[PDB]
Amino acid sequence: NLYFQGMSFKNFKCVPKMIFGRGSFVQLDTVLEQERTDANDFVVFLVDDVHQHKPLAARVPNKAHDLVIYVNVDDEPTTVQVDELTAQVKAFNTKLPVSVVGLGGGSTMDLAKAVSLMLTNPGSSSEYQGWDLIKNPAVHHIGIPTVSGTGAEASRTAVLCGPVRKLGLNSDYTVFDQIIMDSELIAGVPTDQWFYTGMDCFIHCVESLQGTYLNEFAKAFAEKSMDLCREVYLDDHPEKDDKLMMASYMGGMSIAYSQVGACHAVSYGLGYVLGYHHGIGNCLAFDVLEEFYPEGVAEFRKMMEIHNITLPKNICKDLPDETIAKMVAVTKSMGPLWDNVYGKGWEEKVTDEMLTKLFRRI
């Protein structure tokens, strides 16, 4: 009773080293130099290929023996892609790299987390989708966001589309060893993507604050994160880039000690079955969940108006029942998320009938 409650609290592993500041990408070489202990040590840089022909590519401090892979996140990470990148690293050099760097958004960061894991753990990444399935430590890995809002930089998961579902590699080993938060690097994100990924953060906060998993640690982080989001998207603050990077991080810290909810549940269906990306998919879901998060949706609708956002509509209106069934099956399987939303007895409330009504309104 009293003992069992005390033992229940999560021992949260967070990112132990962080650099925050505009221009701080310049420190990556010095950071990596502390990991290079031999002449023949190498680093893997996984760089979102949006950067491949941009000035940021030329700033990547790769040595002649390092491996730079410009990764394609036009579709979100899959277990097939993680396995293919991991095979690439092994074919390039059988020696473990001394670090794996993820330079990009949530997709690229999650690829770097997953590759850093699959280098020291056998089999397909599909065998590790779930909770605490990883038994060997990852290779040292570094997260450098070039889009802000997912909180992927701060979290203990790496979300992948596998054979059966979208589900993350949840493990203390997944957590980045180092992150660099340089808001100069988010400069050229298109406005709509900036908005959608930023709303991922906003929606994290709302779902955490409504949920049954909440404690004061998650609550302090989620409230300040949500306030920073307001400064970014409502107040048009001049330091909105640094502010959005802090919101993202604090939002990740929040979820890490709580849980996401109904909007993420639904979004994962749209994402797995129809291929909608996470930022926009969350927003699509959120716009039909006003009964769940009345104030959040109202505020988000106001943010959309300011930023000229028109969500695509009638995505699911004329789709076959078979395709809707697949989305409902994926969303229903997210137990912890619906537990957060509803509490004990959530199985009886989250029916196929109700989820189907939601998806048909998207």
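In this text, residue numbers run from 1 along the sequence as written.
Taking the PDB entry as given, 229-237 carries the higher mean Cα B factor of the two stretches 229-237 and 91-99.
As recorded in the PDB entry, 336-344 is the stretch of 21-29 and 336-344 with the greater mean C-alpha temperature factor. Among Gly143, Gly151, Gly271, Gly198, the highest C-alpha B-factor in the deposited entry belongs to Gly271. Comparing the C-alpha B-factors of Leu119, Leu85, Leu169, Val164 in the entry, the top value falls on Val164. The PDB entry assigns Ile309 a C-alpha temperature factor belonging to the middle third of its chain's modelled residues. Ranked by Cα temperature factor within the chain, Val15 sits in the lowest third according to the deposited record. In this PDB entry, the Cα temperature factor of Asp110 sits in the bottom third of its chain's modelled residues, the lowest group. Ranked by C-alpha B-factor against the other modelled residues of its chain, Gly104 falls in the lowest third. Compared with the other modelled residues of the chain, the Cα B-factor recorded for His264 ranks in the highest third.
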